[PDB]
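Right, one structure below, let's go through it.
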Amino acid sequence: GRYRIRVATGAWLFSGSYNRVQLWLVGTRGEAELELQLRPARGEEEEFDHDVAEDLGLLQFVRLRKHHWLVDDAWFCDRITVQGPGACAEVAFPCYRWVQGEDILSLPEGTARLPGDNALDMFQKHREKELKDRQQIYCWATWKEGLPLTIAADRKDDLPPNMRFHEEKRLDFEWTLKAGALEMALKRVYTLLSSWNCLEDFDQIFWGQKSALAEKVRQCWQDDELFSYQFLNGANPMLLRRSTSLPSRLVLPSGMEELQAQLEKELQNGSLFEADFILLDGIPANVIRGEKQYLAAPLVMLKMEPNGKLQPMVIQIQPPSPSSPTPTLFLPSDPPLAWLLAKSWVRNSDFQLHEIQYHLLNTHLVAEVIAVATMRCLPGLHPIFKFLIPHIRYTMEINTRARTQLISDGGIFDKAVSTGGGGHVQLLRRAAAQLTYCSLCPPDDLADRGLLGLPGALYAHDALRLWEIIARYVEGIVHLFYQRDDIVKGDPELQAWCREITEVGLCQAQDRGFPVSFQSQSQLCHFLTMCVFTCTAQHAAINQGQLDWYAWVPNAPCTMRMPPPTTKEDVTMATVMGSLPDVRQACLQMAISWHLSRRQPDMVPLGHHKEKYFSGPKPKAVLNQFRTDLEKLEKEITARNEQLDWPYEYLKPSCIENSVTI
Amino acid sequence: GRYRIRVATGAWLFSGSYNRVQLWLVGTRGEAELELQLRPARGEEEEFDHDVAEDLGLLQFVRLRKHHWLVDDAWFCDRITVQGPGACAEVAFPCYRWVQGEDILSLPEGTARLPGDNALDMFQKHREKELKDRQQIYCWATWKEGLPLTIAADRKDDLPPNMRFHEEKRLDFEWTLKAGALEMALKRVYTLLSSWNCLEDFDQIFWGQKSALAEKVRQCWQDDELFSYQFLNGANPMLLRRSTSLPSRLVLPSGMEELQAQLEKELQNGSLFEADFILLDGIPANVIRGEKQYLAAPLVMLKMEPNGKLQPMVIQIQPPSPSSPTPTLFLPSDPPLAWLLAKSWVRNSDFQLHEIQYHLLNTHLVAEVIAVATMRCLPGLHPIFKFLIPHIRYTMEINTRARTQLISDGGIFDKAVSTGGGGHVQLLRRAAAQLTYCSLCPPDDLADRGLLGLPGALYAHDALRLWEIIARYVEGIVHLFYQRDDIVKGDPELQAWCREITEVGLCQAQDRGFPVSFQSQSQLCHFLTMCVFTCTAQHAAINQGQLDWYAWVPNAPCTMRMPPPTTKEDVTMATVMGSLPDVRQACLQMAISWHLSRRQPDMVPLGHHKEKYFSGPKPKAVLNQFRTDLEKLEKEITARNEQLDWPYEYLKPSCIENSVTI
Amino acid sequence: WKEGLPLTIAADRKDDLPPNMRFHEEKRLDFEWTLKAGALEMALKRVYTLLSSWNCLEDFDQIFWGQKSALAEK
Ligand SMILES: COc1cccc(CNc2ccc(S(=O)(=O)Nc3nc4ccccc4s3)cc2)c1O
Ligand SMILES: COc1cccc(CNc2ccc(S(=O)(=O)Nc3nc4ccccc4s3)cc2)c1O
Ligand SMILES: COc1cccc(CNc2ccc(S(=O)(=O)Nc3nc4ccccc4s3)cc2)c1O
Ligand SMILES: CCCCC/C=C\C/C=C\C/C=C\C/C=C\CCCC(=O)O
Ligand SMILES: CCCCC/C=C\C/C=C\C/C=C\C/C=C\CCCC(=O)O
Ligand SMILES: [Fe+2]
Ligand SMILES: [Fe+2]
């Protein structure tokens, strides 16, 4: 009758010394009440040997009440494990939550359970009560119309406590914000007594917030090879697509018959690629400190040479208009300053579409919709919730901090970036209309963009490998808990979660290929693979490259302070320098790039969450197989990268964070 | 053949993601090599299920090698527990150390073991090797001649890494130093545009660094009752002693026949007490910023009324000299300003003797001698080492920080305190000559001082209760591991530790009653009870009252800026105010009082160390009985204190830190 | 000064007042100096509370000094 109760504590803030807890061991045949004296230690759980006279049977719940606690005392309980009298099996009760208030917190038994039709079942009652509690604390908010809905939190303090940053993450985030502000102030003081008239003057600020790859970028940004390489394996690999036909906007003037012949030859050869930034057309540009920024919607046509390297054929900086039916077509054979300015405009547009569409919307906002819907509709007992909860860690707070500080009206995005000041919200709406289910799934996105089988598309290879590994993990968990298709259909909480993402969170995403329901195990598996890839791998691909490719500001301008060139002979070094961002906007670009792309000291690698929501050995085995496949993929990526002058490192699983946290 | 290895990690700093460890399970019949991937979590240990083909037998050692680690990566391993194939007993291997370098770290089996005469025994070889390693990293240093020896560390960075502050303690200590510096700067700015001519002007600085008891002290410091009460239950309860005879220095002039009759009546009644500050006689006073400080060696005679309250009879501020054969005898019936100045001089002298003799020397330096000798002569296998190691935590670094920052030449003690500037080192030498073994043991110290059985001596009652409880803990551990007297005598490491404290650390303390050897279990029990009380309870008594009694600077001046009065009629408010410290020294007194007496957020209550050095159930039971007695004593002290206008709270076991850390 | 209120002396500023109604030297100097002293003490209190939490009633002890009385302490 000796029950050993081990309380793993994730975090605590105990002002006093007597922090007591009333704990109930609720079993099938009875419950037992205990009084425990919490004295948590770092790295060690607390044991509590207690003799229970009554026969509790199989334990189903652990109930917690904080007994006469101070108001400032906080307790994040990781989990409670109970060893029976002679059972010797540590029955797990995962909590992973802040125990607040004087109310009883019920922790169900750690075996993941689907909802049933037995209303009298204790787990069914607990999951219904839990779902009501979650649907009252986790509410949807419309941040902007036409956008996917957010968590109902005006500020980070309005968030639910379980979605908050833990101490180490919050301290690191705020300290690195102060460090970036300090370094930017030092850079701006440094450039007060220096001229800003040549590209080498960007060396005056190119320090502290940079990488070795960023130094290589500073050495090689003017090369057309690196400019073309950025479309495949740069910060934004999400836009370039193979051309099945010449674009309609690509209007060639007279005398471009050689370029037309080359474009037709690349088209019939199947080596013609395009990056169309047409989503930026008609987007109002920012006005920063009374200075008008400028935006363009370029089209750049690339050719794939036999050596696996892309080469630029033509840049059209502006789409055709009634005012300008035939835009100037910039070529690599042009005067070098005009071609360099055209490449800088294309990379600036890539910066806009990368940060707004493919970083903020496709990864951050989609993961926040997944996070809110997972908390609202999937109870703690649900296997899909236990599967998804490590991959939605810190997503709500990082999106709330973005909405309050970065992308607010007057935020940091309105201080450096050309799409800011309201145009970025319209661009977010336009990209939300383009935010399809097909675009978020690498096999379908890369088949649609024609990037399958490309030897130099390192992102594409790594993303397909990550998708099949993550899909193996997903199908292992789902086939563990959903044996048949009718079991998937018969799960009301899962269907409610699917509707919450599609109908509610993504704002009627039926037309955009998102499912309203799951009719089979495979459909649920594909959707959850999309969720995990968006929360972990897509964000790592679209986020880790910010410092590598954006610390050198001329390689990817955050804004343009001059109108796009319409003639090639009129472009000088003064035109390029006035078109490039000033030192304040460039330093802000560098600081945000560093802050967002740096490795978090408390980061969790993909699949290596320490929180044990699942209790059974079979989901643990599926997770272990997932980790083994990730280490094998990391070995393959390292072996490939060591033989490359330009390694792709953003999709290494150790460097892929387990959720969207930054 | 499935060995489950659980690695509890106290702390880590992992820059990268692949921190591998080669672990050897060394048993009586063989050893097994493993490769473990460390991914530590807060509050949770790391499990590692591994199949061992060979029969290891009973496990004796766990060997650790860091396998290709980064230079900045650090790992403080708490302990390693191994569960056998079907044994089900978690064989513990406590480490509680920073794993540094590429060398193999051998962790013995957690059962405490005495040294044997079998040289071929693996534990004997390990403990000899460990003792050599410890005697090379833990060396004695002579900070000042005539003083007890210190750890060989010129700065805190020169300390052994296992004696360093952990992250939370170091951050809290440095942040509270910056906070105290900020608050003092604000107080000094505040007093620039205010007059300093009355006692109420000390209200201008009496904020932020104070307590409710300190406010009561500000309300009642001029009362003779509180002044007398401070000798029994104030910050310094270590000096007042019952008078068996009238002191020789108490020279009464003519006309003091009534005072002589009262002193004789109190002497024959047995209610005559004295606080003789004669140790301060001839001590050179500080010179702070060109202003000469002044020191006195007073004698104050107290009478115990039937209601249990002490009352002051006479204050002699200066001892008799050839120049002044009959010093002025200040009485409570004098002009009030002269009597108030005499009481302020007595309390200033109490501040000097409290901080130098009874805080720095009797508690901090003695615990540092115990700490260094324990590390040098007692191996990790030794039961007395496992007993003492929680009670020597942070002692070396707090003494090193004191020696480098506070009490150095030009340190903070030379900036506010009258004994500073070199005189405090001479006072430390004089108190070291008075530092007897009898003085550090409450039953003997209170019997010698005649404070036994006093109803109002709350410190004395709490100290005797703490001594008997701690002695029960000590005798439980010792009788668990030392069954006979010849076992105590036959332990060479214990005798070496005794010599290291007495002959080496305390600099030939034979004449001062410290033992050169242990001839019985009871002698070792009494000495270890002295060690634990000095490290925990004596320091708590002499340290927690600093803010309560010293935030109001006129209640206990850190320095005196005028010579002591020789006449009663010439003392004015100007004389008192010029005698009291200026705002800079008073603010420094307040800041140090707050910094030293505040509850550390990471503090370990007495007997509640989470580190499990002992593996057996019987030392755990002895520790549990110790904790139970401490909670019963805390309930008794709280029940006594709730009915008292002046509660004594410094010896509550929850408020007693487990070691000298501040 | 305001409609519906009792009427005031016709003086937009203190300098527009009749000279016989003006503060004498000691009163004016004391009033202005105590305004500067209160501004100084408030600046010091606000600097003090920058690095302190404001979540309990005892945090009002962080500012309860300098401008108080014994009755205010009670
Ligand atoms: C991790 O590093 C960071 C990245 C992004 C933003 C910050 C900090 N917030 C910020 C906002 C606006 C600007 S800003 O130049 O647009 N305005 C300024 N106003 C003032 C006001 C007074 C004195 C100087 C200045 S600079 C700069 C930084 C970082 O620390
Ligand atoms: C927990 O709080 C504390 C307790 C004790 C000491 C410190 C800080 N060290 C310190 C040393 C000397 C002095 S001191 O007034 O003797 N000198 C000064 N020099 C300068 C130099 C420049 C500007 C101002 C000053 S005040 C004060 C503090 C604390 O933060
Ligand atoms: C006898 O003592 C006083 C009582 C009442 C008012 C004053 C002084 N006038 C005042 C007005 C407004 C504020 S206020 O915090 O509302 N604004 C601030 N603006 C700035 C501007 C720059 C720098 C700091 C500040 S604080 C505070 C005082 C006293 O000295
Ligand atoms: C890195 C290039 C410059 C800005 C890019 C624009 C938008 C970022 C994309 C998604 C937004 C998500 C999270 C931002 C994180 C935290 C807000 C704090 C302020 C900051 O982080 O500043
Ligand atoms: C509290 C009254 C004024 C000073 C008293 C004198 C000496 C203290 C007694 C023992 C010394 C031990 C530890 C001091 C701790 C740390 C040094 C940091 C500086 C400081 O802590 O300042
Ligand atoms: Fe991000
Ligand atoms: Fe101390």
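Quick note: numbers on chain A are straight from Swiss-Prot, i.e. 2-663, in order.
Quick reminder: no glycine exception, Cβ is built from N, Cα and C everywhere.
A C-beta separation below 8 Å, combined with a sequence spacing of at least six in one chain, links A:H540 (Fe cation binding site) to A:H360, A:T364, A:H365, A:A368, A:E658, A:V661. According to Swiss-Prot, the Fe cation binding site annotation covers A:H360, A:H365, A:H540, A:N544, A:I663.
Feature annotation from Swiss-Prot assigns domain 'PLAT' to A:2-114.
DSSP assigns A:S246 (phosphoserine) to coil in the three-state reduction, outside any helix or strand. Cβ contacts within 10 Å of A:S246 (phosphoserine), excluding its own Cβ and spanning all protein chains shown: 9. The phosphoserine annotation in Swiss-Prot covers A:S246 and rests on similarity to another entry.
Cα of A:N544 (Fe cation binding site) to Cα of A:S246 (phosphoserine): a span of 31 Å. Counting only same-chain residues six or more apart in sequence, the Cβ atoms lying under 8 angstroms from the Cβ of A:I663 (Fe cation binding site) belong to A:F174, A:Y395, A:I399, A:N544, A:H596, A:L597, A:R599, A:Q601. Each residue in A:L361, A:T364, A:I399, A:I543, A:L597, A:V661 lies on the same chain as A:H360, A:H365, A:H540, A:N544, A:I663 and has a C-beta within 8 Å of the C-beta centroid of that Fe cation site, without being one of the site residues. In this view, A:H365 (Fe cation binding site) is surrounded by 24 other Cβ atoms within 10 Å of its Cβ, with every protein chain counted. Each residue in the domain 'PLAT' (A:2-114) gets a DSSP state, and the totals come to 0 helix, 66 strand, 47 coil. Taking the Cβ of A:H360 (Fe cation binding site) as centre and 10 Å as the limit, one finds 23 other Cβ atoms among all the protein chains shown. According to its DSSP assignment, A:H540 (Fe cation binding site) is helical.
Among the recorded positions A:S246, A:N544, A:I663, the residues whose Cβ sits under 6 Å from any atom of ligand 6 are A:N544, A:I663.
Using a 10 Å Cβ-Cβ cutoff, A:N544 (Fe cation binding site) registers 23 neighbours.
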